[PDB]
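Trainee: 3D, please:
(chains A, B, C, D, E and F)
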Amino acid sequence: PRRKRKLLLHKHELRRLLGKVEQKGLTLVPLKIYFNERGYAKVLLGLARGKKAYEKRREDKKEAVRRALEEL
Amino acid sequence: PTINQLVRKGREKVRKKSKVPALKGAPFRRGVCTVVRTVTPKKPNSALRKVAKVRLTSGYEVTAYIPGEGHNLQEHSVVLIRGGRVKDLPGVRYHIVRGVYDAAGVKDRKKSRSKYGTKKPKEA
Amino acid sequence: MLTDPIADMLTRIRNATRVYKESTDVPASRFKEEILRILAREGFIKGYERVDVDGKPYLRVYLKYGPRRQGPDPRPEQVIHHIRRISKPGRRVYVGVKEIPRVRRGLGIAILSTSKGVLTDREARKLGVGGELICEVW
RNA sequence: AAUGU
RNA sequence: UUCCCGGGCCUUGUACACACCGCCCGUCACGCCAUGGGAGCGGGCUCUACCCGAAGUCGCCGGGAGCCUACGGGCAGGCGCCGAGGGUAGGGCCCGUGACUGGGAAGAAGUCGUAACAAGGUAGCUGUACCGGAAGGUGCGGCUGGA
RNA sequence: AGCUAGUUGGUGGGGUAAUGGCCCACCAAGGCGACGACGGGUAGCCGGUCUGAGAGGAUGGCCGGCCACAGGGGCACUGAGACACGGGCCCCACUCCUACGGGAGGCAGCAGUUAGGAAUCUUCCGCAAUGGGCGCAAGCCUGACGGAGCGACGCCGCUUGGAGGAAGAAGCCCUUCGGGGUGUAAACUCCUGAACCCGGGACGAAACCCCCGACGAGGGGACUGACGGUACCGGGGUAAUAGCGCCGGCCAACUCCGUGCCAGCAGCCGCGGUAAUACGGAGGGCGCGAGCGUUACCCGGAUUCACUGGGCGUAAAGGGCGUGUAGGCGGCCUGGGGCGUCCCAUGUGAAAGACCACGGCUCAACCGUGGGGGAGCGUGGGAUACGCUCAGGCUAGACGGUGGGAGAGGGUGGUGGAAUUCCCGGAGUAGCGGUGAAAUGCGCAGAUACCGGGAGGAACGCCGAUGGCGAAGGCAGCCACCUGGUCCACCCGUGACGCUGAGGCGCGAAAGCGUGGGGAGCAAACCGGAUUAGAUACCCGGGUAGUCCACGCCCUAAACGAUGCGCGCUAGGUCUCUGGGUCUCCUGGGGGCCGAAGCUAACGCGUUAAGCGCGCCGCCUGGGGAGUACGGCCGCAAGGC
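Mentor: Numbers count the residues shown, from 1 in each chain, chains lettered A, B, ... in the order given. Pasting the structure now:
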């Protein structure tokens, strides 16, 4: 199910997305999927804000005492 | 309560509910698959858990988990149900025993195999 | 109306000693004396004497304690740390000689009533009789 | 004078 | 120095604690799970009444009827009570199932407000009654687990 | 929650081996049930077995004992015995033979098939032994049984090897590139010799029988072995299987890379978001070993149904309160009985099992022998402290008498003033009312404000609280009547007459409901005006039920001290209501506040206990779903239980 499926984009179109992707932290995300006139699976990509830092609450007393014990 | 009261009524003996009615309390139980799905977990975890609606011999149509990485279960395969909930996916209370009937062991697996169907890989 | 006479007595002793009272009274009962007679014999109480409160006959128990102590809370430790009724009117308790209790490994007594009179758990064990476990004291 | 993935 | 913004110190309330930019309630929309009701259908078990009733035991007869006799009788046979089972009808408890429907829980950044928690901005909660998209509001009375 | 008509009993029968409603006539109206009948669900019962410190809990597979059945169901025949597993009659279902009219059959015996299921074995060998049946006997039959077979299904034993052997090969893994680890592990040297080949080879078996003697006792002789040429013994003899679980915490065992809330783990908490000791592999480590893990089920942990051994002010948990039935519990002294209780003796407690001692297979697992416990229950004798019972006595509980007392305790009949509204009448003029500010509204049709009269309803200011009364709900002008409770004093009378209380009965704020009445003020619903984004609200102007009365319902609540009732025992202090006193002070009853001891998770409680005890009732065993549904009772309904 999860496969590194390859996409098809014009050479000049592909380089423009590489310029933006390598340079900055902007993602390319599947915006949607469908089938065009000809009847081919055609995916619509988007430009990403990225960011969205995932807050991770931390340090459980238990560990803290734990380390103190052993280290010293 | 007074000792007299205990003589009159007596203590209510426990009685516990079966975490798993795999009927006749048999160890495992065979059953067919009606729907082989992908479900999204509770609130902290994210993923696409591979569970499969199975219709056991004992008339129950229950949901069951499919362990390992990858499977070969079809919208109508013969499976053997084990028993073990999944604190993550709601009404899912039985694990599907990998390596029996249509449920294939795990390809490439090499560690805790006994519990994943896969036989001992010859060191070729 | 006072439901359990003995239980009352054993309890007065308790409460009483609990506040280092020199002595307290208890409604006179011939049976109760027999108990006290044993409490005395084993030196749990200095002793006791038959007396009168407005014509009504009582028993005066002269409590006993340990010596005063050092440190905060100088109160002396009791000789009667624990006194508890076993067989109550709501649930009488009986023991055959072979089932008579062993109180505090021995440093405690277990007064009971057998058809041979009111004896301790030894006096009783040594006599061959069991009966209605009255209470245990230690 | 309301609400806050 | 009332007011607006920021801040000391003490005290107070708190269902907050990544701490009020906090917490949190009910309907509504969608999807899924179990369950109640539901015109009724499909069963299982059991009960009662009556009709037909094998075998067989027992009870009569055993004669215009055969067979054995040591003619007292006996067997065959005839009849009857009882009777497994079947048939009809009506009840009972339980189970499955049903268009549709009531509420319930879960679901993920859905839609509407904001009732509660700090006088939560009208103290709150409560029995009851009425009312309203929804939380809820209001009357009467009660509690303090409020001033 | 009621059940019952052969139902319960009786007289006489029928029947059997025998009692009996087992069956039948007849007579009577009985029998059973909250100490749980009837009905429903589940289930073969015990010895034991697993677990457990134990008391308990769970279980009844193997082996022993009892019961029941033999395809579903009925019936008898025979017989010492059956209403008969491989006997019979009949109906039913099903399969099979047929010349279609009637025949044969029942594996829940052994072995085997198929179906069902996660899953459960050879169409075997032998009657040698043990046991059975028949027979004088030889002997026949015995899928009982003694064995072999298959399955790590379980327990015990056994092996894959033993002594050497490097600053430490290679490979692999990590590295602060020195080096660390796997690792004495291996290769390597010796060494022993599972297996396998060879040779010997069981005990189990000594009898029935025959002979002598009388076929008795005794003595002598003879045959017989399925397992098996197996166990075992002797000779020789090759180093000759290792897997599985786990390594974040509970829990013993850490590093590199891959992946990037994906893939996945998971028993709980929880890991996974680009250095993951938690996912996947590898290296390494830990545990265990022909096994290791998973799943299900029981006990444990869980004093988490608590007897041992729990609780109920705020955590779940006091019934809304009385009266009281059954029941449970009961003061002081004496005597009888001796039921509970205790003691001794004795019978029973089958075997096996468990415990212990000693032996048999090389150990053990197993197995043999002997020994000790064992509740319970029967019988016999004894004891009389406590419980019970009968009797005699007592007055310390309780109740009664005399005398005082306080009180918004209750029910009925009246009646007193202040206030609101309305009407009538004076007088009087431009506003009144209302809010945060307004407006709707009312007012020049003469309101608001002011004086007098009248009508009518409801509630009773000050006193008056921190007070009083009541079982609770609750009760407030005054007067009279009828009436309950409660306190004190004197210690006069009765003599344990007591405590509690499943059901039962009655009382039960407010709202609400039915008739009829009443209706001044207030006010859900409703209508306006504002506010606001909206305002089905808060604020303002109106306004109907209802709030009031009578009678009858409803039966709930933060019906709260969120604290059941009674009794006894544990410092004091201070205020207060009410009574007695040799009223400087002591004493009884009630209501508050602080605080000995003690209790409590803490807050707090504390002689008005949440302390220390006893009796009895009620109630709680995680949050939600739910005080919901179903059932039932109750209710007019709402709704209650």
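Trainee: Identify the residues contacting residue C:110.
Mentor: Residue C:110 is in contact with C:100-103, C:120-121, C:133, C:135-137, counting by Cβ atoms under 8 Å, 6 or more residues apart in numbering or on different chains. To be clear about C-beta, it is placed using only N, CA and C from the backbone, and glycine gets the same treatment.
Trainee: Name the nearest residue to it, sequence neighbours excluded.
Mentor: The shortest distance from residue C:110 to any non-neighbouring residue, by Cβ to Cβ, 6 or more residues apart in numbering or on different chains, is to residue C:121 (3.6 Å).
Trainee: what does residue C:32 give?
Mentor: The spatially closest residue to residue C:32, leaving aside those adjacent along the chain, is residue C:9, at 5.5 Å (Cβ to Cβ, 6+ apart).
Trainee: For the one you found, what are phi and psi?
Mentor: According to degrees, to the nearest 10, the main-chain angles of residue C:9 amount to phi -50, psi -60.
Trainee: What's the local residue count around it?
Mentor: Counted with other Cβ atoms under 10 Å in any protein chain shown, residues neighbouring residue C:9 total 23.
Trainee: Assign a three-state SS to the most centrally placed residue in chain B, would you?
Mentor: Taking Cα atoms, centre = their mean as the criterion, residue B:94 is the residue nearest the geometric centre of chain B, at 1.5 Å. Using DSSP: H, G, I helix; E, B strand; the rest coil, the secondary structure recorded for residue B:94 is strand.
Trainee: and it, how far is that from residue B:60?
Mentor: Between residue B:94 and residue B:60 the distance is 10 Å, computed by Cβ to Cβ, to the nearest Å.
Trainee: next one: phi and psi at the residue in chain C that RNA strand F sits nearest to?
Mentor: Of all residues in chain C, residue C:90 sits closest to RNA strand F, at 2.3 Å by Cβ to the nearest atom of the strand. Its backbone dihedrals place residue C:90 at phi -90, psi -10, with angles given as degrees, to the nearest 10.
Trainee: So residue C:44 sits against residue C:135, correct?
Mentor: No. Contact status for residue C:44 versus residue C:135: not in contact, 11.5 Å apart, counting by Cβ atoms under 8 Å.
Trainee: Show the contacting residues for whichever residue of chain A sits closest to chain B.
Mentor: Going by Cβ to the nearest Cβ, chain B is nearest to residue A:1 of chain A, at 7.8 Å. Contact criterion Cβ under 8 Å, 6+ apart gives residue B:48 as the residues in contact with residue A:1.
Trainee: What residues does chain A have near RNA strand E?
Mentor: A:52, A:55-58 (Cβ under 7 Å from any atom of the strand).
Trainee: Tell me how many other residues crowd the residue nearest to residue C:82 when sequence neighbours are not counted.
Mentor: Distance criterion Cβ to Cβ, 6+ apart; nearest residue to residue C:82, sequence neighbours excluded, is residue C:138 at 5.0 Å. Residue C:138 has 17 neighbouring residues, counting by other Cβ under 10 Å.
Trainee: again with residue C:124
Mentor: 24.
Trainee: Confirm for me that it is in contact with residue C:95.
Mentor: No. Here residue C:124 does not reach residue C:95: they are 9.1 Å apart, not a contact under Cβ under 8 Å.
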